[PDB]
There are 2 protein chains.
Amino acid sequence: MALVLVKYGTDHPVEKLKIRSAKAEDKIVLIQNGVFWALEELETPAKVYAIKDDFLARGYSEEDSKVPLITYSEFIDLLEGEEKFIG
Amino acid sequence: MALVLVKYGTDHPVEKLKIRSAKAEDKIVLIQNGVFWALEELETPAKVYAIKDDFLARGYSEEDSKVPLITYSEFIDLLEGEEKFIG
């Protein structure tokens, strides 16, 4: 149930095995240079999300993702995760 | 400690007291139509942030907001915290 924040890509390759070692409960966010990992294979049982808007900001096509693309709105839905007393 | 999310415009009465009765140790995020709370006279001891990218997307200006705005990058860092143990 760990939060994995990736804001690194290719210039930093250690996040790939972080993603590998991530658990089913854990959350993986690809932001900034993390969009490069959306083109990777990535052996992960965790919940992987790449920022769709930032992905587009980096100049990449949404078709060209191996991972799920979400917007900041859905990032807050991730931020919620469950339900709590938020609503 | 508590993660407080608001994203139901002003149509959700419970949003007010979530902010209102928050602790000075908690985090409060305004997202989507929740940005309307960023314009009012909300008084909370918690860390209150409205999403800048989303707020500007509403057609408003940074100057319009009363509370601090964070960007997609800063939102990721919010969820990190400050200490970043992601090495």
# chains A, B, ... in the order shown; residues from 1 in each chain; ligands from 1
call {"tool": "select_by_dssp", "arguments": {"residues": "chain B", "states": "strand (DSSP E)", "output": "compact mmCIF listing (two decimals) with C-alpha atoms, in the first residue's frame"}}
result
# COMPACT_ATOMS: atom_id res chain seq x y z
CA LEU B 3 -6.89 13.51 3.12
CA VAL B 4 -9.73 15.92 2.37
CA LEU B 5 -10.97 16.13 -1.21
CA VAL B 6 -13.64 18.50 -2.51
CA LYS B 27 -4.50 18.46 3.62
CA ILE B 28 -7.43 19.88 1.63
CA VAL B 29 -7.60 19.87 -2.16
CA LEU B 30 -10.06 21.75 -4.37
CA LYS B 47 -3.16 23.04 4.03
CA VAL B 48 -5.72 24.17 1.48
CA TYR B 49 -4.75 24.01 -2.19
CA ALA B 50 -6.68 24.47 -5.41
CA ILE B 51 -5.48 22.93 -8.67
CA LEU B 69 -2.81 27.16 -6.52
CA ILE B 70 -0.73 24.08 -7.29
call {"tool": "closest_atom_pairs", "arguments": {"of": "chain A", "to": "chain B", "cutoff": "12 Å", "atoms": "only C-alpha atoms", "output": "JSON lines"}}
result
{"residue": "A:2", "atom": "CA", "partner": "B:86", "partner_atom": "CA", "distance": 10.5}
{"residue": "A:3", "atom": "CA", "partner": "B:80", "partner_atom": "CA", "distance": 7.8}
{"residue": "A:4", "atom": "CA", "partner": "B:86", "partner_atom": "CA", "distance": 7.2}
{"residue": "A:5", "atom": "CA", "partner": "B:86", "partner_atom": "CA", "distance": 7.1}
{"residue": "A:6", "atom": "CA", "partner": "B:86", "partner_atom": "CA", "distance": 8.2}
{"residue": "A:7", "atom": "CA", "partner": "B:73", "partner_atom": "CA", "distance": 8.7}
{"residue": "A:8", "atom": "CA", "partner": "B:86", "partner_atom": "CA", "distance": 10.8}
{"residue": "A:12", "atom": "CA", "partner": "B:87", "partner_atom": "CA", "distance": 10.5}
{"residue": "A:13", "atom": "CA", "partner": "B:87", "partner_atom": "CA", "distance": 11.5}
{"residue": "A:14", "atom": "CA", "partner": "B:87", "partner_atom": "CA", "distance": 8.7}
{"residue": "A:15", "atom": "CA", "partner": "B:87", "partner_atom": "CA", "distance": 8.7}
{"residue": "A:17", "atom": "CA", "partner": "B:87", "partner_atom": "CA", "distance": 11.9}
{"residue": "A:18", "atom": "CA", "partner": "B:86", "partner_atom": "CA", "distance": 9.2}
{"residue": "A:19", "atom": "CA", "partner": "B:86", "partner_atom": "CA", "distance": 11.6}
{"residue": "A:27", "atom": "CA", "partner": "B:79", "partner_atom": "CA", "distance": 11.3}
{"residue": "A:28", "atom": "CA", "partner": "B:76", "partner_atom": "CA", "distance": 11.1}
{"residue": "A:29", "atom": "CA", "partner": "B:76", "partner_atom": "CA", "distance": 8.3}
{"residue": "A:30", "atom": "CA", "partner": "B:76", "partner_atom": "CA", "distance": 9.7}
{"residue": "A:31", "atom": "CA", "partner": "B:73", "partner_atom": "CA", "distance": 7.6}
{"residue": "A:32", "atom": "CA", "partner": "B:73", "partner_atom": "CA", "distance": 7.8}
{"residue": "A:33", "atom": "CA", "partner": "B:73", "partner_atom": "CA", "distance": 11.3}
{"residue": "A:34", "atom": "CA", "partner": "B:73", "partner_atom": "CA", "distance": 11.8}
{"residue": "A:50", "atom": "CA", "partner": "B:76", "partner_atom": "CA", "distance": 11.8}
{"residue": "A:51", "atom": "CA", "partner": "B:72", "partner_atom": "CA", "distance": 9.0}
{"residue": "A:52", "atom": "CA", "partner": "B:72", "partner_atom": "CA", "distance": 11.3}
{"residue": "A:53", "atom": "CA", "partner": "B:72", "partner_atom": "CA", "distance": 9.4}
{"residue": "A:54", "atom": "CA", "partner": "B:72", "partner_atom": "CA", "distance": 8.2}
{"residue": "A:55", "atom": "CA", "partner": "B:72", "partner_atom": "CA", "distance": 11.8}
{"residue": "A:57", "atom": "CA", "partner": "B:72", "partner_atom": "CA", "distance": 11.5}
{"residue": "A:71", "atom": "CA", "partner": "B:72", "partner_atom": "CA", "distance": 9.9}
{"residue": "A:72", "atom": "CA", "partner": "B:72", "partner_atom": "CA", "distance": 7.2}
{"residue": "A:73", "atom": "CA", "partner": "B:32", "partner_atom": "CA", "distance": 7.0}
{"residue": "A:74", "atom": "CA", "partner": "B:31", "partner_atom": "CA", "distance": 10.2}
{"residue": "A:75", "atom": "CA", "partner": "B:76", "partner_atom": "CA", "distance": 9.1}
{"residue": "A:76", "atom": "CA", "partner": "B:31", "partner_atom": "CA", "distance": 7.6}
{"residue": "A:77", "atom": "CA", "partner": "B:5", "partner_atom": "CA", "distance": 9.1}
{"residue": "A:78", "atom": "CA", "partner": "B:79", "partner_atom": "CA", "distance": 10.8}
{"residue": "A:79", "atom": "CA", "partner": "B:79", "partner_atom": "CA", "distance": 7.9}
{"residue": "A:80", "atom": "CA", "partner": "B:5", "partner_atom": "CA", "distance": 7.3}
{"residue": "A:81", "atom": "CA", "partner": "B:3", "partner_atom": "CA", "distance": 10.7}
{"residue": "A:82", "atom": "CA", "partner": "B:3", "partner_atom": "CA", "distance": 11.5}
{"residue": "A:83", "atom": "CA", "partner": "B:5", "partner_atom": "CA", "distance": 10.2}
{"residue": "A:84", "atom": "CA", "partner": "B:3", "partner_atom": "CA", "distance": 9.1}
{"residue": "A:85", "atom": "CA", "partner": "B:4", "partner_atom": "CA", "distance": 8.7}
{"residue": "A:86", "atom": "CA", "partner": "B:5", "partner_atom": "CA", "distance": 6.0}
{"residue": "A:87", "atom": "CA", "partner": "B:6", "partner_atom": "CA", "distance": 8.2}
call {"tool": "select_by_dssp", "arguments": {"residues": "chain B", "states": "alpha helix (DSSP H)", "output": "PyMOL selection string"}}
result
chain B and resi 14-20+52-57+72-80
call {"tool": "calpha_fit_and_write", "arguments": {"fixed": "chain B", "moving": "chain A", "output": "compact mmCIF listing (two decimals) with C-alpha atoms, in the first residue's frame"}}
result
# COMPACT_ATOMS: atom_id res chain seq x y z
CA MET A 1 -3.31 13.87 9.02
CA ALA A 2 -6.33 13.13 6.84
CA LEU A 3 -6.60 13.51 3.09
CA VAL A 4 -9.53 15.70 2.09
CA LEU A 5 -10.46 15.53 -1.56
CA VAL A 6 -13.01 18.03 -2.72
CA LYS A 7 -14.50 17.53 -6.14
CA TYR A 8 -17.73 19.31 -5.44
CA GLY A 9 -18.75 22.92 -5.50
CA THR A 10 -21.90 24.89 -4.59
CA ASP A 11 -24.07 21.97 -5.76
CA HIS A 12 -22.54 20.34 -2.71
CA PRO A 13 -21.89 22.79 0.18
CA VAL A 14 -20.96 20.35 2.99
CA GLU A 15 -17.30 20.37 1.97
CA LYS A 16 -17.03 23.91 3.33
CA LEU A 17 -17.41 22.71 6.92
CA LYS A 18 -15.24 19.70 6.06
CA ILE A 19 -12.59 22.29 5.24
CA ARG A 20 -13.47 24.04 8.52
CA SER A 21 -13.10 20.87 10.57
CA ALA A 22 -9.84 19.95 8.83
CA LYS A 23 -6.76 19.82 11.04
CA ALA A 24 -3.34 21.46 10.63
CA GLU A 25 -1.89 18.15 9.44
CA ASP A 26 -4.64 17.51 6.91
CA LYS A 27 -4.54 18.12 3.18
CA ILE A 28 -7.32 19.80 1.23
CA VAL A 29 -7.53 19.50 -2.55
CA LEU A 30 -9.90 21.62 -4.62
CA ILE A 31 -10.51 19.94 -7.97
CA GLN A 32 -13.30 20.30 -10.57
CA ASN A 33 -16.22 22.16 -8.97
CA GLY A 34 -13.92 22.66 -6.00
CA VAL A 35 -12.66 25.81 -7.75
CA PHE A 36 -15.80 27.56 -6.47
CA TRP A 37 -14.43 27.26 -2.94
CA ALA A 38 -11.40 29.27 -4.03
CA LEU A 39 -13.77 32.24 -3.95
CA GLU A 40 -15.00 31.43 -0.45
CA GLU A 41 -13.82 32.61 2.95
CA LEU A 42 -13.17 29.16 4.47
CA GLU A 43 -12.17 28.95 8.13
CA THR A 44 -9.44 26.31 7.95
CA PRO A 45 -6.13 25.59 9.72
CA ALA A 46 -5.33 22.86 7.18
CA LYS A 47 -3.18 22.85 4.05
CA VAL A 48 -5.43 24.00 1.23
CA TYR A 49 -4.49 23.63 -2.43
CA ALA A 50 -6.50 24.37 -5.57
CA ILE A 51 -5.51 22.96 -8.95
CA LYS A 52 -4.20 25.90 -10.97
CA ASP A 53 -4.62 24.26 -14.38
CA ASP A 54 -8.12 22.97 -13.62
CA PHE A 55 -8.94 26.40 -12.20
CA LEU A 56 -7.99 27.87 -15.58
CA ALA A 57 -9.86 25.07 -17.35
CA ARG A 58 -12.99 26.16 -15.48
CA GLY A 59 -12.46 29.62 -16.95
CA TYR A 60 -11.22 31.63 -13.98
CA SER A 61 -8.37 34.09 -13.50
CA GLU A 62 -5.46 33.16 -11.20
CA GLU A 63 -5.68 36.59 -9.57
CA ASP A 64 -9.18 35.71 -8.40
CA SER A 65 -8.21 33.11 -5.82
CA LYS A 66 -8.27 33.36 -2.04
CA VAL A 67 -6.43 30.04 -1.91
CA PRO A 68 -3.01 28.85 -3.24
CA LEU A 69 -2.91 27.55 -6.81
CA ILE A 70 -0.60 24.68 -7.78
CA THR A 71 -0.04 22.52 -10.84
CA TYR A 72 -0.23 18.72 -11.16
CA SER A 73 3.53 18.75 -10.60
CA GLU A 74 3.05 20.32 -7.18
CA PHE A 75 0.18 17.94 -6.50
CA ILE A 76 2.78 15.16 -6.64
CA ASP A 77 4.96 17.25 -4.32
CA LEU A 78 1.92 17.31 -2.04
CA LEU A 79 1.52 13.59 -2.70
CA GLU A 80 5.04 13.22 -1.39
CA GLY A 81 4.57 15.76 1.37
CA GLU A 82 7.71 14.94 3.32
CA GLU A 83 10.61 13.15 1.58
CA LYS A 84 10.60 9.41 2.40
CA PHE A 85 12.98 7.38 0.23
CA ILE A 86 11.46 8.76 -2.96
CA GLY A 87 14.14 11.35 -3.65
